[PDB]
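Trainee: Pasting in a structure now, in structure tokens, and then I'll have a few things to ask.
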Amino acid sequence: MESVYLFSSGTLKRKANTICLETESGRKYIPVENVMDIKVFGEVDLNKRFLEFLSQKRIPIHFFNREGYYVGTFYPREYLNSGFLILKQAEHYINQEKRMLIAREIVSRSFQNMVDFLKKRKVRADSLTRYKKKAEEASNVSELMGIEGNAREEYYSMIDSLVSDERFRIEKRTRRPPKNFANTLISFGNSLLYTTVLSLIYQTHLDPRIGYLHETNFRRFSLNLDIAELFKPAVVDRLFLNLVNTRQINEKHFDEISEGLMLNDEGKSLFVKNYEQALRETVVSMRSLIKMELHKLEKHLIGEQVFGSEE
Amino acid sequence: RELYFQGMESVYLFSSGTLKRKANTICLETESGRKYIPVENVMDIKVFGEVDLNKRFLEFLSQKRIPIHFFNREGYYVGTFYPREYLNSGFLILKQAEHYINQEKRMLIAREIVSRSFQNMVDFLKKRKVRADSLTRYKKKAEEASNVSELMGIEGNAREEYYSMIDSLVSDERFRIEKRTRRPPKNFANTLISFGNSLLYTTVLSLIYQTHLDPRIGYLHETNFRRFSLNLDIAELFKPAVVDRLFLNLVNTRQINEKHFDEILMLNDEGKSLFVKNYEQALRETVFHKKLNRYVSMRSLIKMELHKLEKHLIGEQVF
């Protein structure tokens, strides 16, 4: 299935069966047949009937503001409903041991994906081992989240080595507004990935509001944040290195506005193009891989294909 | 001022118009007036009308961490706009799993369903001058059951006995229920009861989506690979007052009769429309509730029962 990006401003409405964007120039027609989700970077007006249409065609829509920051998602009514699996997803959260199992699995796979990302490029990863060891010794999920963060930070280091352009380095991790080039790209890519995983969760019986590594408070989607940790090297990080090495993205692609950096229309479309094609890549697609690990979680929640060992 | 409400607020918008951001507050622009909605105490917005909005308005709600839920004409839930981060939604899914996997807590909730279902059955029969005493044995069995599976069985059997008593109110025997089981016989009455029940199930479901409850976890019914359970549980309470009252009234006044059915056995489109309109009329019909000492619509009664479960789940006013 395909992911639709709208950078142009206009009005969203269903035409017959299709989505139409009416701009101040002309009409853009996008067919819904193959569409899994929509990402809106432009300024758009829409009505509820348009949302009802998206809901019936099972297409979520993600909204980004002009600075390129993710504001939120319209999540359609779930068409995949399973009492048992939802029950299992929740009892696996409220059970402290079961929750720890899943969370540790998430972290463990994140670390290995980081480590082979680095080894694939013939970079010595030899650190992160202390973070891996600190991860096994942890007694609770919260400490695990902090360890995962410090490991990612250290791994972002060992990345920058292999970026020539100095000033195009991560330095240290910046939010909320990215304070330089690298983080702007990394934050944007991560965002695209969060929404991607989110759209994919919608294609399963899982509820995106219950995560494991990231605590479930009901202030946000969690599960998509958890799963995204696995795929950050393969999608975002390879994209970042590939993009900055070929100099396809340059200083012309950032705007000094906003007390920090934004990614412009400019690099947004370029980023989106490369990012997307990164999702079609195959041994099965990257996007199918994300769905597969979601499936693997579901198999786990109901007792098939356990993580770790039977105790 | 008389009453006071403690917590944040759910804004229900039934009016059509345009949703817009002006001040640090938002407004609905219809023709004629502007309806101003202060956001300060609002945790979420539920839109039943036909509304226009843009991304700038969504950016505002996102900044205020206020999600907005969308519902269609009939009030069925289409979807929600969730901000990146939003105010605590009070979503009860974890509390629900917790009272399901604990057999004592599950029993307590299921026993509540059965208890009320039985009393509603008895009241319906006594209002119509029919003997309800046969049902007493099932009430006692329900009380002595220590397993939920046993409890669903007892409730079903009670229902079937109840249905046999309902048949004494039916003049035309072509329209008698005879026996209704888990696989109902093919005849006029069971075609109606099945149809009415399905409508009720959908009604309870859409109302649950307007709450903090998740419909996929039930209590009296096993939570299994079935799509929705909780709606089935709650519907057990309202089957007499909505479905059964409607069934009797329609077949005895011949509003529904043999001209409304086809063998390929199903209710034809005219028979469906007549039933649906009357059904939708039933949900608006008001009955006396002595506990509040007022009259409420049946839709409110269902709403209230859902809120009762909500309060039970969080420990406030446990059953």
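If you read the protein sequences in the order shown, they are chains A and E.
With PDB author numbering applied, the first sequence corresponds to residues 1 to 283, 292 to 319, in that order.
With PDB author numbering applied, the second sequence corresponds to residues -6 to 257, 261 to 315, in that order.
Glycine is no exception: its CB is placed at the ideal position from the N, C-alpha and C atoms.
(1) Nearest to A:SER108 by alpha carbon, out of A:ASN81, A:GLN96, A:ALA138 and A:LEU80?
(2) For a cutoff of 9 Å on Cβ pairs, would you count E:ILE38 as touching chain A?
(3) Are the Cβ atoms of E:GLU256 and A:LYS48 separated by less than 9 Å?
(4) Select from A:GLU229, A:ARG167, A:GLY267 and A:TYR202 the residue whose C-alpha is nearest the C-alpha of A:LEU54.
(5) Would you say E:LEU101 lies against chain A (beta-carbon separation less than 9 Å)?
(6) Could you give the distance in angstroms between the alpha-carbon of E:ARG27 and the alpha-carbon of E:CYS20?
(7) Does chain A have any CB closer than 9 Å to the CB of E:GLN(-1)?
(8) With 9 Å as the C-beta to C-beta threshold (strictly closer), list the residues of the region 20 to 51 of chain A near chain E in chain order.
(9) Compile a chain-ordered list of the residues in the region 71 to 89 of chain A whose CB is closer than 7 Å to at least one CB of chain E.
(10) Have a look at the DSSP bridge pairing and note the partners of E:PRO76.
(11) DSSP state of A:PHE221, grouped into three classes?
(12) Kindly provide the ranges of any alpha helix (DSSP H) runs that are 4 or more residues long and lie completely inside the region 134 to 182 of chain E, ordered along the chain.
(13) Shortest alpha-carbon distance to E:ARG167 belongs to which of E:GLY72, E:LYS273 and E:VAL244?
(14) Over what stretch of residues does the beta strand (DSSP E) that includes E:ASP45 continue unbroken?
(15) Assess, as a yes-or-no matter, whether the region 95 to 115 of chain A is touched by the region 149 to 161 of chain A under the definition of 3 or more beta carbon pairs within less than 8 Å.
(16) How many Å lie between E:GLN56 and E:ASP37 at the Cα?
(17) I'd like the list of long-range same chain contacts for E:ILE210, defined as Cβ closer than 7 Å, with 5 residues on each side in sequence excluded.
(18) Which first and last residues belong to the beta strand (DSSP E) in which E:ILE102 is found?
(19) Can you determine whether any heavy atom of the ligand ADP sits closer than 8 Å to the C-beta of A:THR129, and answer yes or no?
(20) Using only CA atoms, which one of A:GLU22, A:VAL283 and A:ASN274 lies nearest to A:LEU192?
(21) In whole angstroms, give me the CA-to-CA distance for A:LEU230 and E:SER82.
(22) Do you know how far the Cα of E:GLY10 is from the Cα of E:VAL40?
(23) Which runs of the beta strand (DSSP E) fall wholly inside the region 3 to 30 of chain A and span at least 3 residues, in chain order?
(24) Considering only residues of the same chain and omitting the five flanking positions on each side of A:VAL236, which have a CB-CB separation below 7 Å?
(25) Note down, in chain order, each residue of its chain lying with its Cβ closer than 6 Å to the Cβ of A:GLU2, except the 5 sequence neighbours on either side.
(26) Would A:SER164 count as contacting chain E if we go by Cβ distances under 9 Å?
(27) Starting from the beta carbon of A:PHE63, find every residue of chain E whose beta carbon is closer than 7 Å, and list them in chain order.
(28) For A:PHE84, name the three-state secondary structure that DSSP assigns.
(29) Taking the Cβ atom as the reference point for each residue, do A:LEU279 and A:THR195 lie within a distance shorter than 9 Å?
(30) Can you pull the DSSP bridge partners for E:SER293?
(31) Output, in sequence order along the chain, the residues in the region 199 to 221 of chain A whose CB is closer than 8 Å to any CB in chain E.
(32) What is the DSSP secondary structure of E:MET1, counted as helix, strand or coil?
(33) Go ahead and pull the three-state DSSP assignment for E:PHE41.
(34) For E:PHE50, which residues in the same chain have their Cβ closer than 8 Å to its Cβ, ignoring the five residues on either side in sequence?
(35) DSSP on A:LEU128, reduced to helix/strand/coil?
(36) Hey, does E:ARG58 have any beta-carbon neighbour from chain A nearer than 9 Å?
Mentor: Result, derived from the coordinates:
(1) In the first sequence, the residue the question calls residue 108 of chain A occupies position 108. Taking only the C-alpha atoms, the option nearest A:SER108 is A:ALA138.
(2) Translated into positions along the second sequence, residue 38 of chain E becomes position 45. Chain A contact via Cβ: absent.
(3) Numbered from its first residue, the second sequence carries residue 256 of chain E at position 263. Numbered from its first residue, the first sequence carries residue 48 of chain A at position 48. For the pair E:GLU256 and A:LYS48, the CB atoms are not nearer than the 9 Å cut-off.
(4) Translated into the one-based positions of the first sequence, residue 54 of chain A becomes position 54. For A:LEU54, the closest C-alpha among the options A:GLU229, A:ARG167, A:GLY267 and A:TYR202 is that of A:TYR202.
(5) In the second sequence, the residue the question calls residue 101 of chain E occupies position 108. No, E:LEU101 does not count as interfacial toward chain A.
(6) Along the second sequence, one-based indexing puts residue 27 of chain E at 34. Along the second sequence, one-based indexing puts residue 20 of chain E at 27. Spanning the alpha carbons of E:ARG27 and E:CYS20 requires a straight line of approximately 6 Å.
(7) The count along the second sequence starts at 1 and reaches residue -1 of chain E at position 6. E:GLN(-1) is outside the set of residues whose beta carbon lies under 9 Å from a beta carbon in chain A.
(8) Taking a C-beta cut-off of 9 Å against chain E, the contacting residues of the region 20 to 51 of chain A are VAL40, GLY42, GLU43, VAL44, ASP45, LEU46, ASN47, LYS48, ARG49 and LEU51, listed in chain order.
(9) Along the region 71 to 89 of chain A, the positions whose C-beta sits under 7 Å from a C-beta of chain E are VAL71, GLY72, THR73, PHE74, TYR75, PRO76, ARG77, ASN81, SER82, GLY83, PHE84, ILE86 and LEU87, read in chain order.
(10) Taking the second sequence and counting its residues from 1, one reaches residue 76 of chain E at position 83. For E:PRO76, which the question treats as bridged, DSSP gives the partners A:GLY72.
(11) Translated into positions along the first sequence, residue 221 of chain A becomes position 221. Here A:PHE221 carries a coil assignment [DSSP, helix/strand/coil].
(12) The region 134 to 182 of chain E contains these whole alpha helix (DSSP H) runs: 141 to 159.
(13) Here residue 167 of chain E corresponds to residue number 174 of the second sequence, with the count starting at 1. If we check each option's Cα against that of E:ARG167, E:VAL244 comes out closest.
(14) For the purposes of this step, residue 45 of chain E is taken as residue 52 along the second sequence, with counting starting at 1. Looking at the DSSP string, the run of the beta strand (DSSP E) that includes E:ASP45 is 44 to 47.
(15) Segment contact: the region 149 to 161 of chain A against the region 95 to 115 of chain A, three or more CB-CB distances shorter than 8 Å; contact assigned.
(16) Here residue 56 of chain E corresponds to residue number 63 of the second sequence, with the count starting at 1. Here residue 37 of chain E corresponds to residue number 44 of the second sequence, with the count starting at 1. Inter-residue distance for E:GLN56 and E:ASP37 is about 13 Å (C-alpha atoms, whole angstroms).
(17) Within the second sequence, numbered from 1, the residue matching residue 210 of chain E stands at position 217. Shown here for E:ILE210: same chain residues with a beta carbon closer than 7 Å to its own, the five before and five after excluded, namely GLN89, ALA90, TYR93, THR216, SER222 and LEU223 in chain order.
(18) In the second sequence, counting from the first residue as 1, residue 102 of chain E sits at position 109. Counting along the chain, E:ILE102 falls outside any beta strand (DSSP E), though it belongs to the alpha helix (DSSP H) covering 96 to 120.
(19) The ligand ADP is absent from the structure shown, which contains no ligand whatsoever.
(20) Here residue 192 of chain A refers to the residue found at position 192 of the first sequence. Comparing alpha-carbon positions, the option among A:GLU22, A:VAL283 and A:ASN274 lying closest to A:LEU192 turns out to be A:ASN274.
(21) One-based indexing of the first sequence puts residue 230 of chain A at position 230. One-based indexing of the second sequence puts residue 82 of chain E at position 89. Inter-residue distance for A:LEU230 and E:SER82 is about 28 Å (C-alpha atoms, whole angstroms).
(22) By 1-based counting over the second sequence, the position of residue 40 of chain E is 47. By 1-based counting over the second sequence, the position of residue 10 of chain E is 17. When rounded, the distance between both Cα atoms is 11 Å.
(23) Complete beta strand (DSSP E) runs here, min 3: 10 to 14, 19 to 22 and 27 to 30.
(24) Counting from 1 along the first sequence, the entry for residue 236 of chain A is found at position 236. So the qualifying residues of the chain are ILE186, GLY189, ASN190 and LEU193.
(25) Residue 2 of chain A sits at position 2 when you count from the first residue of the first sequence. Hits under 6 Å: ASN34 and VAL35.
(26) By one-based count along the first sequence, residue 164 of chain A stands at place 164. At least 9 Å separates the CB of A:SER164 from every CB of chain E.
(27) Here residue 63 of chain A refers to the residue found at position 63 when the first sequence is read from its first residue. Within chain E, the residues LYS48 and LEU51 have their CB atoms less than 7 Å from the CB of A:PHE63, given in chain order.
(28) Taking the first sequence and counting its residues from 1, one reaches residue 84 of chain A at position 84. A:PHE84 falls in the helix class under three-state DSSP.
(29) On the first sequence, position 279 is the one that residue 279 of chain A refers to. On the first sequence, position 195 is the one that residue 195 of chain A refers to. Judged by their CB atoms, A:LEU279 and A:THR195 are not nearer to each other than the 9 Å cut-off.
(30) What you label residue 293 of chain E is simply residue 297 of the second sequence in a count that begins at 1. E:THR282.
(31) Answer set for the region 199 to 221 of chain A: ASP207, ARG209, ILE210, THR216, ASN217, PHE218, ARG219, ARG220 and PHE221.
(32) The residue labelled residue 1 of chain E in the question sits at position 8 within the second sequence. Reduced to three states, the DSSP call for E:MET1 is coil.
(33) As a working mapping, residue 41 of chain E is identified with position 48 in the second sequence. Looking at E:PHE41 - three-state DSSP - the assignment turns out to be coil, as it is neither helix nor strand.
(34) As a first step, residue 50 of chain E must be located in the second sequence, where it is residue number 57. Cβ within range, chain order: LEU12, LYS13, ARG14 and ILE19.
(35) The residue labelled residue 128 of chain A in the question sits at position 128 within the first sequence. Residue state for A:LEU128 is assigned as coil, using DSSP reduced to three classes.
(36) To locate residue 58 of chain E, count along the second sequence from 1; it is residue 65. Interface residue, yes.
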